[PDB]
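Notes for the one structure printed next.
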Amino acid sequence: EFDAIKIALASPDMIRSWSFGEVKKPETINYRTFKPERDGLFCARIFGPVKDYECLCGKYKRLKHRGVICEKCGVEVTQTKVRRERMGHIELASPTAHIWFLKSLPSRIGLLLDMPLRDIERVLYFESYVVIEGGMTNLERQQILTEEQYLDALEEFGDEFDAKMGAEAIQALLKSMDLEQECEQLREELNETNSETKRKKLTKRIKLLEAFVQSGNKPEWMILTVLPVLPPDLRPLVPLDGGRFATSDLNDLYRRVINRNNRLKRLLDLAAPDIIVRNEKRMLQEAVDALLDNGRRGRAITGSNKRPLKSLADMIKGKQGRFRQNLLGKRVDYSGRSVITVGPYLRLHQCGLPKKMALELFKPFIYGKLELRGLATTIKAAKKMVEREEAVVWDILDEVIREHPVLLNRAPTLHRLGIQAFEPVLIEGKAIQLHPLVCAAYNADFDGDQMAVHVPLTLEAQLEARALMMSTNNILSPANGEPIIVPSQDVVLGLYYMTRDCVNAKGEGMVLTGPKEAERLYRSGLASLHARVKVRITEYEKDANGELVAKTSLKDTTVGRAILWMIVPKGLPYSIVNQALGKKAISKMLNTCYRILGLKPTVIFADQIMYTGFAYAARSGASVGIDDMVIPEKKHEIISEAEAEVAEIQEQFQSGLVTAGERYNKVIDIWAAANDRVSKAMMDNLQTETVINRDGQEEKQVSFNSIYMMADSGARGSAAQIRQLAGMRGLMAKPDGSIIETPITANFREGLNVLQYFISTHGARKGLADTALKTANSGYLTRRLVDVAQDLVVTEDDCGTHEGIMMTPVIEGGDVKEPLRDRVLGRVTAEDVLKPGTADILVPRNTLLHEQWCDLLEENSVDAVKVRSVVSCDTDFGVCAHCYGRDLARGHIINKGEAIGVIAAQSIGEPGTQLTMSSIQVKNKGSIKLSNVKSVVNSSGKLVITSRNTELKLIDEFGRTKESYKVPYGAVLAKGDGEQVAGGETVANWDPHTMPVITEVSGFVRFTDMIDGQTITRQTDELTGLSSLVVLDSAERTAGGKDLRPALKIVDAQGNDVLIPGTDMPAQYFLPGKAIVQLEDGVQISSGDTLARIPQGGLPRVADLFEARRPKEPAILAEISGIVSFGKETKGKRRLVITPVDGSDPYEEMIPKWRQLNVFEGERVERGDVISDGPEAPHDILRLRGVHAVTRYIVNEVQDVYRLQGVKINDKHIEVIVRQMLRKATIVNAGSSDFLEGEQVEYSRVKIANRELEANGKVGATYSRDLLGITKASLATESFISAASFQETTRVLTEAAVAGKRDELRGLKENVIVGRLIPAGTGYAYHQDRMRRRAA
Amino acid sequence: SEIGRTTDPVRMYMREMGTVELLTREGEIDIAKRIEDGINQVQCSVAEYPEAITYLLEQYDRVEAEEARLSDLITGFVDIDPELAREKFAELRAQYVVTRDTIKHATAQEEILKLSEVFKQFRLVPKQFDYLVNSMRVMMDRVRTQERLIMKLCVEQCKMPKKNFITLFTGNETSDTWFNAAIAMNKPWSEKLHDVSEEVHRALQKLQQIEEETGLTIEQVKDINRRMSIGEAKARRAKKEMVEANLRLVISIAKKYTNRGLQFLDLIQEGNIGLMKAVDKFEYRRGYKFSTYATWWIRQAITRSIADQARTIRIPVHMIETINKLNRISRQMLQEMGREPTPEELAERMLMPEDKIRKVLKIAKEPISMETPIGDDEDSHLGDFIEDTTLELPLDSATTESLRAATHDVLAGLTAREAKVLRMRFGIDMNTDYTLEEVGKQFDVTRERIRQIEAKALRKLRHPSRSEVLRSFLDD
Amino acid sequence: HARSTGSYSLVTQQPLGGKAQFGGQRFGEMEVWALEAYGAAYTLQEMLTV
DNA sequence: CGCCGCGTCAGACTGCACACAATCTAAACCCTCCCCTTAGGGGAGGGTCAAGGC
RNA sequence: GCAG
DNA sequence: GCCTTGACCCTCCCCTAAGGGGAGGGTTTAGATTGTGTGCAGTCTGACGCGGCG
Ligand SMILES: [Mg+2]
Ligand SMILES: [Mg+2]
Ligand SMILES: [Zn+2]
Ligand SMILES: [Zn+2]
């Protein structure tokens, strides 16, 4: 029908062309007979007939004569739905500024006239004049005049010049300007001055002027001379049941505009004194400004409630506007809702739908089959038959739901498994019966949860529910790859109890022919379920060709593992059940079945697991009694000893030897030690308390305690809760976080007394309120992420790019937090990864690294794989399927057409409700390695680094790194470079409370302008016995050597300048103040000894990572690689210079001196070196270190938050959001192109422009890619419909209007808004057909 | 000063209004004297146009035979009975007949001022006075745009010096001897000019009717129209000085009407309009202060606007007054009876029939916003509980299409002639139904045969052979 | 609650709100994202239009 | 040219139940236009009923 | 006010 | 069966005589009064941008 959507300003002729007549009267309807009044806000003549094919006076009543205009009253004879479409117009007696183009910052009328908003507002509110043209006079154009200046300059200059006031004046200014002359003058005034922000203001105004020239928009259309009147069926005046009426607030606002307009026309016809007409013009300006956007200028107009009126802008804006309440989500027919309840007899693909809901959701289907099968002569007869609920409509209803899936949905739909299709099974209750295994996906418990049912109507929707959304297709999680249809509390306890072993259980040691004999024994009562026996197990291995080969062996098992083997699919090893199966073992069993045998056997396996776990959990009778919480008998002794210790610390505090601070700290630590001693005693008494007999001799085993079986199975609870049931429940924290010095020594099996319970509630209400107020914090992050990524679809198969990120296992200090396999499983390699023995390609270049390839990579010791990412993908408008990698939810490469942006945003934002609100010790063996190696040997034979970016890694004997630390500059290293150590071998030593000045070369001390008294205070202390010096700080010295900074130089005993190796420039130590100098002039110092010493998370973290929020104290970085130098210090903001080797040297800084600078003068730096220290800003990382650097920074800093809370999200999902943040670029050199310098363009635009330029040999634009946080990148899309439905609708709509934008409906929000197929998924084929039949 | 610190329109109005100091008892008299001086100045100027006083004299000749009354033409006399006005019109008639026969020119130029200052005695009504002034206004405005198009008849020919063209045009005005020297100039412009000297003729001579129609020539009545503008712009800036100085009276009155459905500024704007009327209708010679009259007019304008434009569905002023009377009666009965009066006893406290009071009580309610939060939830509004009641249910749409199909079946189970008679007799598959005579004219057959056809077809369709598909559409 | 067809809202023609007015469930913004995350374009297009 | 004040812009999703707002003032004249009063008449527009011939 |  | 044909017949709209009754609109009111007041809300924090301003 239409290929795009164009927005623009409305000409007054365009407005008079929408309208069907002028609204001259505020009359809404007549009060006695409620017919609409003539020329009113509800007019049958303007806006069309109020009844279908019927004139208002009733002279013409049928559709015989349709389209005729009754000559008695001019209402047409047509459908009444034309009252939803026919606008009218109010012809304003005086012009009136459009508030959206006057007030929405930056003011477009202010930005156009180059006139500040306060002067414009003083002109239009009839406070000042403005000279719309001067002529041959000293008054320039925009010069505002107050009253008296105009009054005198009248008779000095006659009527030569013209000045006006009010919106008539602003319209005369906007009409009287020449846009191209202004923009060319702005360009020549741009090429004159290099002031950065003045050039930016000029470029803002230039882009505005050229946007007014490109589009057909005239400036003076930002001033309303005709107002449009919304059709009356969208601002309805409707009779309520009680004889009263209910109206829209727009009728009030339009009514007020019309009243003030008509009174203005009367005041103009009476020739009122000008005070009165100015007051009426101010009031009409106010009333139009209140109609368009209420409460933007000054005070809202409240009507009859002291509650503000809902204007035209409030209809389309906000959480209650059209865009979000009615266009992006809507109420839906064929939908029901009910409480969910278990029904564990079900299969994985079916739900239980009550008959009373299915009879109503499927009513047209039943009417169809009732007439088709001849059981009803008429659809009215069928309606009566299903109302009577005759016995044949239940057979028809069993027929029409047969293979017809339904969508079940639980809100909040945090991720795409919140809607799943199930085949219905008609049940008799009123509760939906939800198969248990899917509950973990829905986050559903049966404590009052309700789910909504939706019916797929067409055949395409029925096949998408069958093929895309059925619950037997969603057994893997789209976030991590891990199974999401996984057994839980009751199933895992049944399967854990089944697969355990008792020591002397009944029927032990017998030999069994197979799993069937085990089941016969156990059902006969002749063998316990835990009797360790010898059973002959036949198991099948998948051969290398793909077929199954048998093997048969007497395994040492229990009876229960044998019984459980009967449900295991064939291609699986017996070792998968020959262990005590907790939650993680069953989840791995299901994952193994999925990767070996595929989806179809895994679904049958999962249902069999559920049935057998439920059954054998019932057989055990695993119950919780009060004797199951066994409290250790050493608890009272541990607590009495801890009380003795704290009383000792207290009576020591009476002896004053300790401050209240360390008293409190030590009391906390000697209660925390008591809490851990109690917890260890409890758990050791609990976990093996079964001591039972074999052949008379006692022997301890794992406990069969119910509390311990539930904690140990992973069924429910953890040791942290068993701690509070049976140990002590420990130290609590006050509401302000400071923890209470005496703990709750009691647990829930005993009583908490009243005071301990009060202290308990202190933190319990904090946790509950945190839960209540962080869901709104997480849902908003999710919304921002979906709206920044909604339009990312896999559109290609291979972009042919060779770049990619170097995936390494993450190692924070001395432990791997994530191995290489977890970070490269499923990605596509970008270069040939080869063995540590070079030139033997282990894995070819473009392979998907599935589990086989990761097992091959782990057989070798490969520690880094360069792998394809989405930030590095060449595809413009989309991503290729190879750069993305694996579909996490299917386990194959991703299909072309997948909406990976919404999957990535939901996978990041769904766990968001689980988040909140020195020397180096080597841990185990390996070859020491260093990076950024610049080393010297100290006096004692150690190594000391001359660098600040050196870090100490540990290569293992296989070639991989197993830990990595970061050493400060000049740390003394007890073990040299490339040596082996063992566990506990402290290598690097330093002290953090001060920083040394490392000796460059061995030589003698001399003072380069280090003047006695001018640059130091001489100090004498007795503890070491030696005299020493302190270098003077800023505010404590004289004029002189505060400006000329003190230095120390190296001179030998002969009086010669000694040099640094390789370079013969003078080697100096430029010392800043606050330094401790305890060496004397003429002492021999070997290179490596100190010359002077100078002393020194949660959900908001993720939010302000993805929002790219600049940290408060940013680590300063080194822009260009060069040598550091200093300018004017002691200014309050010092100046730093970097001197490149072969580049333009002077590069300045405004470093405030109140932060310690962390580099020295003589050495070099490079791009990305931290001059100062602090939390790094991602914009700086992007500008200096690259794109892949800010990608690695963001994924590491977000996975740091998600890995504390044990949440497993993939990194594709953060790389997708990062790619959508790196979506703009800034032209630095315009090239042979149409982009201006310094203006921000879409990145793919400049990339395809450069591609077509370099295709024809010409030079292309050079750009600097920019990092925009997810909000500023959501509002900077190329689509005003996406950006206007996200948030800040007024800014997006005014900017798009004055620019005359055009929305080509490319993403998913624009195609959901207009009711079209989304271009992703099964609607991807249709959009490709649409773009292959309209471009050709 | 304080400019730029507020955006509130009421603060701006008050601040700008307060710059005008009030008037004393003798200030209003001075301003009213200036107003009446302006209007008698425009009177004495238009008395120079004699057809004006001839019109007024023939108006009195209409009053002779009772075409009007005296109060419609004259409201008084300054220097009301018909006794004095007879000799008054004799005074003006004697001056007119003595001014008629004199043609001279200093001899005939004092007689006109004698006419004007004998005519000054007439305190005219606004009707006649407005009639004369807009009549002479339209007269010289048409001949004056005629003079302006005589000037811009040169702009279509050339661009020309007007400062040399103004010295010629005035004073001859019966001939082209002023236009004859234009070719004595013979700069290129005055070439083109003379070739349109024919199509200027019918313009340049036709004001020669008015040169003898008013008795005057166009430069005399030009100065008369100029002094007319001086007089009326003198009165206009004097009424403005009395309106602007009483703008606090409007606010003192309009604060008493505040919360009755209009904003404060709407009320004071309507009061300003009423005050401008009060200034137009004020007579200081009554010896009353301006406040006493202006209050009446301001109250009228303000209450009238509250009656007109304070309600969404407008009720008339008669029903507004009935509702106000009912509310006052009801708040008296509530104070007396100690409870709300039921409409039955409210019908005996008033003297209206009881159903009239019941419908008056049904009228007064104001429409609720469709955005009122229900229960103050502010996430559920009144407007999303209101269903669309004009739609037809898709079961009824499916029923209508099924009925159309069944009617098609049944009508195809008939002959073409009977099916045509039934498809024209009702509107089936047509845009209209027809009378027996129209269907008969379609078949060149008189109406009763068409009636017989349609009857027998209905008889066939009533049979149990064709009616079991149709009878299912009638709900039992 | 269950509804196949029913009464529709006045200004915008969508189903009415609650089970007192025979309802219609809100297919909110998050459920639309959940259908965009599968490729269910046709199910979504019928939730929006018909 | 860097800084402080001020304005603007956001702030989870489904569901039930409940339920709005509540004060706030003129009268006496006149005019036109519409509909009503009895006991049926008059006529246009449009069906209907026995009769007769084709 | 409440439910998850 | 296909037609006509004069005679009936129904509903509906307007009309009667001399005003009644009301709705809905206009208009003037002449002692003199000459600046809005809620016993208001103000009570939300954090990020960002822009503009006076030293
Ligand atoms: Mg729950
Ligand atoms: Mg509530
Ligand atoms: Zn009509
Ligand atoms: Zn790619």
Side-chain angles (χ1 to χ4, degrees), chain A residues 32 104-106 116-117 195 197 240 244 246 304-306 319 337 409-414 443-445 447-452 774-783 913 1104 1107 1109 1133 1150 1271-1272 1287-1288 1291, chain B residues 10-11 14-15 17-18 22-23 245-261 264 268 281-283 286-289 291-297 299-300 303 316-319 321 324-325 327-328 331 366 368-369 372-377 380 382 385 435-437 445-449 451-453 455, chain C residues 1 18-20 25-26 28-31:
Chain A
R32 217 177 70 246
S104 175
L105 299 182
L117 180 53
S195 175
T197 200
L240 288 189
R244 210 179 172 176
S304 303
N305 307 141
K306 194 177 74 175
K319 199 189 299 190
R337 187 177 189 84
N409 167 63
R410 196 190 152 267
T413 315
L414 305 159
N443 198 26
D445 47 359
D447 63 325
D449 293 27
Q450 322 174 40
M451 266 158 61
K774 80 172 155 51
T775 44
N777 188 18
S778 173
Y780 181 40
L781 171 75
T782 301
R783 167 162 164 81
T913 81
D1104 81 330
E1107 285 276 0
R1109 274 176 209 162
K1133 308 293 187 291
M1150 199 60 72
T1271 289
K1272 290 188 55 196
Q1287 81 190 23
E1288 301 176 31
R1291 292 186 171 146
Chain B
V10 56
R11 281 227 197 89
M14 300 273 195
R15 152 176 94 206
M17 171 268 308
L22 297 144
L23 301 166
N246 296 94
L247 298 179
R248 308 170 173 78
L249 178 57
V250 179
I251 301 181
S252 83
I253 292 158
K255 70 206 204 179
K256 297 157 180 47
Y257 288 110
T258 311
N259 280 269
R260 309 190 34 194
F264 190 47
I268 68 182
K281 292 184 65 61
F282 189 71
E283 321 189 21
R286 296 231 194 180
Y288 292 127
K289 264 213 163 182
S291 175
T292 65
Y293 199 48
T295 313
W296 280 110
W297 282 112
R299 290 277 174 88
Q300 185 264 343
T303 58
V317 202
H318 81 87
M319 195 51 63
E321 287 173 15
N324 289 348
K325 169 158 191 187
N327 283 356
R328 190 189 54 238
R331 94 182 52 164
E366 168 73 341
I368 315 175
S369 194
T372 72
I374 288 297
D376 198 354
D377 293 335
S380 86
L382 174 60
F385 295 119
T435 71
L436 297 185
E437 187 59 88
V445 164
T446 79
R447 319 173 290 123
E448 171 59 27
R449 177 69 191 133
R451 185 249 167 196
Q452 284 159 325
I453 289 182
Chain C
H1 183 229
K19 83 157 292 189
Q25 302 295 135
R26 179 164 164 88
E29 202 169 355
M30 319 198 71
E31 291 91 34

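Atoms considered below: every heavy atom in the structure, side chains included; atoms not considered: hydrogens, waters and symmetry mates. Chain naming here is simple, since letters A, B, ... match the order of the sequence lines and numbering starts at 1 in each.
Relative to the side chain of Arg331(B), the nucleotides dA21(D), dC3(F), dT25(D) differ in distance, and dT25(D) lies closest. Closest contact between the side chain of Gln300(B) and the listed nucleotides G4(E), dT29(F), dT4(F) involves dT29(F).
Between its opening and closing five pairs, the helix from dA26(D)-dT29(F) to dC54(D)-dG1(F) changes axis direction by 50°, a value rounded to 10 degrees.
For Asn246(B), the side chain to side chain donor-acceptor pair (under 3.5 Å) test picks out no residue, with sequence neighbours left out. In this structure, the salt bridge (charged side-chain N to carboxylate O under 4.0 Å, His left out) partners of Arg15(B), at least two apart in sequence or on a different chain, are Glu127(A). Applying the side chain to side chain contact (heavy atoms under 4.5 Å, CB included) criterion to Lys256(B), with sequence neighbours excluded, gives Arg299(B). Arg451(B) pairs by the side chain to side chain donor-acceptor pair (under 3.5 Å) definition with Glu448(B), not counting sequence neighbours. With sequence neighbours excluded, the residues forming a side chain to side chain contact (heavy atoms under 4.5 Å, CB included) with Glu1288(A) are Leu1275(A), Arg1291(A), listed by chain and number. In this structure, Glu283(B) has no side chain to side chain donor-acceptor pair (under 3.5 Å) partners at least two apart in sequence or on a different chain.
Using a 4.5 Å heavy-atom cutoff, the side chains of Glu29(C) and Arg783(A) are in contact. Using a 4.5 Å cut-off on side-chain heavy atoms (C-beta onward), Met14(B) and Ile251(B) make contact. At least one side-chain heavy atom of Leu117(A) sits under 4.5 Å from a side-chain heavy atom of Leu105(A). Within the 4.5 Å cutoff, side-chain heavy atoms of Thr295(B) are placed close to those of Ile253(B). Side-chain contact between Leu382(B) and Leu240(A) is present, with at least one heavy-atom pair separated by less than 4.5 Å.
Taken to the nearest 0.5 Å, the OG1 atom of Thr446(B) stands 8.0 Å off from the CD atom of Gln452(B).
The residue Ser304(A) sits close only to the backbone: its heavy atoms come under 4.0 Å of sugar-phosphate atoms, none of a base. Here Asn305(A) lies in heavy-atom contact (under 4.0 Å) with sugar-phosphate atoms only. Here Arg286(B) lies in heavy-atom contact (under 4.0 Å) with a base.
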I'd like to compare against my own output: the B/S/- annotation of nucleotides 43-54 of chain F with a strict under-4.0 Å heavy-atom distance to protein. ----SSS--S--
If a protein heavy atom is under 4.0 Å from the base, mark B; if only from the sugar-phosphate, S; if neither, -; do that for nucleotides 28-36 of chain D going 5' to 3'. ---------
Using a 4.0 Å heavy-atom cut-off to protein, can you give one letter per nucleotide of nucleotides 45-54 of chain D, 5' to 3': B if the base is in contact, S if only the sugar-phosphate is, - if neither? -SBBB-----
Per-nucleotide protein contact string for nucleotides 9-19 of chain D (B base, S sugar-phosphate only, - none; heavy atom under 4.0 Å): SSSBBBSSBBB
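A Watson-Crick or G-U wobble pair does not link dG35(F) to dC20(D) when both relevant atom distances must lie under 3.5 Å.
With rounding to whole Å, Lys256(B) atom NZ is found 13 Å from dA26(D) atom P. One can place CG of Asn327(B) at 13 Å from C1' of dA22(D), the figure rounded to the nearest angstrom. Residue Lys1133(A) contributes atom NZ, which lies 12 Å from atom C1' of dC1(D) at whole-angstrom precision. The interatomic distance linking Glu366(B) (CD) with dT23(D) (P) rounds to 13 Å, in whole Å.
For the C1' atoms, the distance linking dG39(F) with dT23(D) amounts to 16 Å, nearest Å.
Other residues, nucleotides and ligands place no more than 12 heavy atoms under 6.0 Å from the CZ atom of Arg11(B).
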Contacts under 3.5 Å, N or O only, protein and nucleotides 31-42 of chain F:
residue : atom : partner   : partner atom : Å
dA32(F) : OP2  : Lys289(B) : N            : 2.7
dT33(F) : OP1  : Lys289(B) : NZ           : 2.6
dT34(F) : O4'  : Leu249(B) : N            : 3.3
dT34(F) : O2   : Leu249(B) : N            : 3.1
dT34(F) : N3   : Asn246(B) : ND2          : 2.9
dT34(F) : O4   : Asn246(B) : ND2          : 3.4
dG37(F) : OP1  : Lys255(B) : NZ           : 3.4
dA41(F) : OP1  : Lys306(A) : NZ           : 2.4

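Regarding nucleotide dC8(F), the torsion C1'-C2'-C3'-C4' is less than zero, so its sugar is described as south.
Under the Watson-Crick or G-U wobble criterion, with both distances below 3.5 Å, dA47(F) is paired with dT8(D). Shown here, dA17(D) forms no base pair; nothing in the strands shown gives a Watson-Crick or G-U wobble contact with both key distances under 3.5 Å. In a base pair of the Watson-Crick type (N1 to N3 plus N6-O4 or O6-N4) or a G-U wobble (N1-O2 and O6-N3), with each distance short of 3.5 Å, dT23(D) is matched with no nucleotide. Using Watson-Crick or G-U wobble geometry with both donor-acceptor distances under 3.5 Å, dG52(F) finds its partner in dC3(D). The pairing partner recorded for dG39(F) is none, the criterion being a Watson-Crick or G-U wobble arrangement whose two distances lie under 3.5 angstrom.
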Kindly determine whether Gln1287(A) and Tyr780(A) satisfy side-chain contact (heavy atoms from CB on, under 4.5 Å), including the steps that lead there. CA-CA 11 Å; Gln1287(A) 81 190 23; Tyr780(A) 181 40; 3.3 Å; yes
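Against the 90° criterion about 0, the sugar-base torsion of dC30(D) places it in the anti range.
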